[PDB]
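The structure appears right after this line, and notes come after that.
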Amino acid sequence: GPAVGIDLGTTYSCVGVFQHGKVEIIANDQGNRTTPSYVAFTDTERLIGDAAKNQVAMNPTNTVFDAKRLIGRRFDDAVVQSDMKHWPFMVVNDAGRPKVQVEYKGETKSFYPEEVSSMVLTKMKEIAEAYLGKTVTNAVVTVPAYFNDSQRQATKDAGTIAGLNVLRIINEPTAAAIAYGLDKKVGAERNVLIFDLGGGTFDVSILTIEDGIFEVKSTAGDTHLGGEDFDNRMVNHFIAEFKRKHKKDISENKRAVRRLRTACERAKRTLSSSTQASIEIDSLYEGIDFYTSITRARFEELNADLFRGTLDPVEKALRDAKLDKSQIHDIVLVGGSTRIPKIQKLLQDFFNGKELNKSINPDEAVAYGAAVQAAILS
Ligand SMILES: Nc1ncnc2c1ncn2[C@@H]1O[C@H](COP(=O)(O)OP(=O)(O)O)[C@@H](O)[C@H]1O
Ligand SMILES: [Cl-]
Ligand SMILES: [Cl-]
Ligand SMILES: [K+]
Ligand SMILES: [K+]
Ligand SMILES: [Mg+2]
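full-length UniProt numbering puts the first residue of the sequence shown at 4, with every later residue one more than the last.
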């Protein structure tokens, strides 16, 4: 091709390419190394990635996201029925198969989850092509270790529809391990723990690797725990603050809340590198600007319980894998949320000081490994 590796994430997607013994994580048109798994429909155009997420606050009903939560599933599934209650866009039943329904160019249209995902993949494909200056066809796409045959098939279909020849569908934790060269043959078997906290899901996977062969020993986590939940805690904190300072409740103004969420998300990222962050929103509500700040300590307290709770699935995974902490040879951080210092501290403390593999941006680790594997398969 060269072939590329793509992490089609629940909230963010990332594409990499292995060239000259090195993996290049490819930045998009806006210079971002990861791209929102968002697609929006308007009276005149279809928006994808950054362009789509950048307008989610004003077009909530026609901006689709979380397509990965529906992919390969049946409409009657309990989880699908539960999730629908939280999404601002409509999900309809087409012969027992879920489809997202939106308005596009003034007409009602519906798309299968794989179609929405094919759009995101098309964007990743184009991002790679812009960088390489060549047509990209072959790719390795990743999926959660718990995905079944249907979910895997639908994900592969998303690739095909996007014009990609999916060389193989591999597990996200395995891709992360490959990124660190943990697939290399060293004689005896090794136990690796993948701690993956993204924007919407938390996955803990214990892999046993021997002779380059991976075995998923156990998996644990929470499909409804991620960075967005941390943003939410910050959002509530600031709604209360605005209310005290202006005796005005912004809760019912959907756009105001979404804009505050965006400001919180960015402030949160800054708190991973600094101990304080500034929030400066213009015309948040009724023309009132909201300029304030938040400390890392404050951010940690607001999420104390959620952070600490990530250790329960780690213990469960170890138990199911029938392994004690000391039997874990490597701990790999995956997901943008693992960049939070308090999380790293909790995990390291739990593992009695053991160092964490975190040199590769956690939110790029899966695509990194996928790119390596893609090169191998080509
Ligand atoms: N520096 C950072 N500090 C804290 N959270 C971050 C940072 N960078 C990204 N994130 C969070 O990571 C989450 C996205 O995770 P990512 O692994 O990129 O995607 P996905 O959720 O699709 O797997 C978002 O909640 C985002 O706010
Ligand atoms: Cl782009
Ligand atoms: Cl602590
Ligand atoms: K991702
Ligand atoms: K995850
Ligand atoms: Mg992820």
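From the three backbone atoms N, C-alpha and C, an ideal C-beta is built for every residue, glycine too.
Taking the beta carbon of residue i as the centre, do at least 16 other beta carbons fall within 10 Å, making it buried, or is it exposed?
{"i": "residue 207", "result": "buried"}
{"i": "residue 365", "result": "buried"}
{"i": "residue 154", "result": "buried"}
{"i": "residue 218", "result": "exposed"}
{"i": "residue 216", "result": "exposed"}
{"i": "residue 47", "result": "exposed"}
{"i": "residue 356", "result": "exposed"}
{"i": "residue 204", "result": "buried"}
{"i": "residue 313", "result": "buried"}
{"i": "residue 315", "result": "exposed"}
{"i": "residue 81", "result": "exposed"}
{"i": "residue 101", "result": "buried"}
{"i": "residue 14", "result": "buried"}
Counting only the same chain and skipping the five closest in sequence on each side, list residues whose C-beta sits under 6 Å from that of residue i.
{"i": "residue 264", "result": "234, 238"}
{"i": "residue 214", "result": "188"}
{"i": "residue 72", "result": "86"}
{"i": "residue 299", "result": "274, 278"}
{"i": "residue 76", "result": "83"}
{"i": "residue 30", "result": "36"}
{"i": "residue 450", "result": "In the structure as shown, the chain begins at 4 and stops at 381. Residue 450 is therefore absent and cannot be evaluated."}
{"i": "residue 161", "result": "117, 120, 121, 124"}
Is the separation between the beta-carbon of residue i and that of residue j shorter than 9 Å?
{"i": "residue 78", "j": "residue 97", "result": "yes"}
{"i": "residue 108", "j": "residue 166", "result": "no"}
{"i": "residue 230", "j": "residue 268", "result": "yes"}
{"i": "residue 5", "j": "residue 135", "result": "yes"}
{"i": "residue 16", "j": "residue 37", "result": "yes"}
{"i": "residue 178", "j": "residue 119", "result": "no"}
{"i": "residue 349", "j": "residue 359", "result": "no"}
{"i": "residue 377", "j": "residue 174", "result": "no"}
{"i": "residue 193", "j": "residue 332", "result": "yes"}
{"i": "residue 373", "j": "residue 12", "result": "no"}
{"i": "residue 259", "j": "residue 297", "result": "no"}
{"i": "residue 222", "j": "residue 209", "result": "yes"}
{"i": "residue 145", "j": "residue 335", "result": "no"}
{"i": "residue 305", "j": "residue 247", "result": "no"}
{"i": "residue 116", "j": "residue 103", "result": "yes"}
{"i": "residue 163", "j": "residue 150", "result": "no"}
{"i": "residue 20", "j": "residue 131", "result": "yes"}
{"i": "residue 122", "j": "residue 51", "result": "yes"}
{"i": "residue 347", "j": "residue 325", "result": "no"}
{"i": "residue 257", "j": "residue 63", "result": "yes"}
{"i": "residue 148", "j": "residue 32", "result": "no"}
{"i": "residue 375", "j": "residue 353", "result": "no"}
{"i": "residue 228", "j": "residue 309", "result": "yes"}
{"i": "residue 302", "j": "residue 245", "result": "no"}
{"i": "residue 367", "j": "residue 10", "result": "yes"}
{"i": "residue 276", "j": "residue 295", "result": "no"}
CB-CB under 7 Å to residue i, same chain, minus the five flanking residues each way: which ones, in chain order?
{"i": "residue 249", "result": "291"}
{"i": "residue 55", "result": "39, 41, 42, 43, 66"}
{"i": "residue 172", "result": "144, 146, 155, 158, 159"}
{"i": "residue 34", "result": "none"}
{"i": "residue 27", "result": "19, 20"}
{"i": "residue 380", "result": "6, 143, 170, 171"}
{"i": "residue 232", "result": "309"}
{"i": "residue 1", "result": "Residue coverage of the chain in this structure runs from 4 to 381, which leaves residue 1 outside it and unanswerable."}
{"i": "residue 345", "result": "303, 310"}
In the DSSP output, which residue or residues are listed as bridge partners for residue i?
{"i": "residue 198", "result": "207, 336"}
{"i": "residue 174", "result": "146"}
{"i": "residue 243", "result": "Answer is none; residue 243 lacks a bridge partner."}
{"i": "residue 168", "result": "141"}
{"i": "residue 295", "result": "282"}
{"i": "residue 39", "result": "15"}
{"i": "residue 97", "result": "100"}
{"i": "residue 105", "result": "112"}
{"i": "residue 51", "result": "42"}
{"i": "residue 355", "result": "Partner(s): none; residue 355 has no beta bridge."}
{"i": "residue 8", "result": "19, 143"}
{"i": "residue 213", "result": "216"}
{"i": "residue 28", "result": "19"}
{"i": "residue 221", "result": "209"}
{"i": "residue 360", "result": "335"}
{"i": "residue 288", "result": "291"}
{"i": "residue 67", "result": "42"}
Let me check you understand the geometry: is the CB of residue i closer than 8 Å to at least one non-hydrogen atom of ligand 8?
{"i": "residue 230", "result": "Ligand 8 is not part of this structure, which contains only ligand 1, ligand 2, ligand 3, ligand 4, ligand 5 and ligand 6."}
Grab me the residues of residue i's own chain with a C-beta within less than 8 Å of its C-beta, minus the 5 sequence neighbours each way, in chain order.
{"i": "residue 87", "result": "94"}
{"i": "residue 262", "result": "60, 284, 287"}
{"i": "residue 105", "result": "44, 64, 65, 67, 92, 93, 111, 112, 113, 114"}
>> Three or more C-beta pairs under 8 Å: does that hold for the stretch 181-190 against the stretch 310-322?
In response: Inter-segment contact for the stretch 181-190 and the stretch 310-322 is absent: fewer than three beta-carbon pairs are separated by less than 8 Å.
>> Using a Cβ distance threshold of 8 Å, determine whether the stretch 340-359 contacts the stretch 190-210, with at least three qualifying pairs required.
In response: Per the Cβ contact rule, the stretch 340-359 is in contact with the stretch 190-210 (3 or more Cβ pairs under 8 Å).
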